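Shown below, as structure tokens, is a lone chain in the form deposited in one PDB entry; questions about how it binds or moves come after it.
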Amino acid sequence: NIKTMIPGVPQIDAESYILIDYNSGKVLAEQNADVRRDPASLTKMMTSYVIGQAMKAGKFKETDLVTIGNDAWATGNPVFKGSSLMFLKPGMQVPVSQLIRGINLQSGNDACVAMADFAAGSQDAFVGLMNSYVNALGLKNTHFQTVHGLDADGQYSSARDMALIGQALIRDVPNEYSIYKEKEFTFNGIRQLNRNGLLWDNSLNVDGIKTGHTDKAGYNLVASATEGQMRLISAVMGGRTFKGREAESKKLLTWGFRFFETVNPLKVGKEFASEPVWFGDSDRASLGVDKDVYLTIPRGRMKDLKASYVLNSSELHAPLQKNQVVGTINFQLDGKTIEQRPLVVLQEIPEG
């Protein structure tokens, strides 16, 4: 019974949370993960995502100089009052590299406006891009109104959606993501520390992502850590107290690594099975997957994992196209199927 135990989830002193495996996408634990809440500074994670996608597409470089306009003037717009700021002033010429550290490490609000105008021409156009990615990522419970998360009564997100944005940052724009573990940067002779305190936690290998607090929102944290190549992402929103700011998320992450492991049983292009084909230039079709398979399973069980498959149709008939789905791979633990993945043709089979 110890081999098949399902571990109890620790109590988390927060309104909402989720813990997922970055590679497999598996939800390890969750509570109220789809509830719409104020994201506060977590919004800047999407701001960073857009900037990263622009850079990935070569629209601008880190050494490019950005001229600060009136709207990014920190003390020119009281909307910034009480918030994190770089103290940008109009006419300043600042490299993208400093601005994006301002956003990522410091959650600098004036820096968000500065990059928004630089990357998209206006704040409104940039928010349009943010929501366009909200749609592309298929988030069902997120909407943005500002490039910083201030002054946005109708913005919202959820623990699940914020973890998925976290996953996308890491996955799609790794060069942008790699900036998040930097503990400090220096601007106008003033040293600024990464506001994500978990970075200093020595028991874990935390390298992101974003912490946030509003009296409205309570404590918000999206974190990610690795043990080897294994990576978990946690999102904890509406954290109730100051003291659990980092602690509640730390409980989740460490629990996740203690009880679960991620395995990669099959890679793209590797033959999983072979089946006869009729009417083709070859006698057999090579079958596998079109995306590396990552699974999340109880730690210790890797040698117990079994795999098998079924076919959608009695016979395979050419023409067969590359990545055509022809069945399903069943991954099993203790006689029970735990994960399914599409079985596909690995090399196209034209008619003879």
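Start at 1 with the first residue shown and count on from there. Definition used throughout: the rigid core is the maximal C-alpha set that superposes within 1.5 Å between two forms.
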Report summary line: As the entry reports it, the stretch among 99 to 107 and 237 to 245 with higher mean C-alpha B factor is 237 to 245
Query raised in the report: On average, are the C-alpha B-factors higher in 246 to 254 or in 213 to 221?
Result: 213 to 221
Report summary line: Assert third(CA B-factor, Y177) within chain per record equals middle
Query raised in the report: Taking the C-alpha B-factors as the PDB entry records them, is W278 in the lowest, middle or highest third of its chain?
Result: middle
Report summary line: By the entry's values, the third containing the CA B factor of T63 is the highest
Query raised in the report: Sorting the chain's CA B-factors, does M302 end up in the lowest, middle or highest third?
Result: highest
Query - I190 - Cα temperature factor, lowest/middle/highest third of chain - result: highest
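Beyond what is shown, the protein has a form deposited in another entry; the following relates to that form.
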Requested in this report: Superpose on the rigid core and name the single residue from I179, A119, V277, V96 whose Cα moves by 2 angstroms or more between this form and the one not shown.
Outcome: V277
Requested in this report: Using a superposition on the rigid core, decide whether the Cα position of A307 changes by 2 angstroms or more between this form and the one not shown.
Outcome: no
Query raised in the report: Quick one: core overlaid, is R36 moving 2 Å or more at the Cα between this form and the one not shown?
Result: no
Report task. Tell me, please, whether between this form and the one not shown the C-alpha of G69 is shifted by 2 Å or more, with the rigid core used for superposition. Result -> no
Query raised in the report: Knowing the Cα distance between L99 and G189 changes 3 Å or more in the other entry, does it shrink or grow relative to here?
Result: closer
Query raised in the report: By 3 Å or more, the Cα spacing of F118 and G189 differs in the other entry; is it closer or farther than in this view?
Result: closer
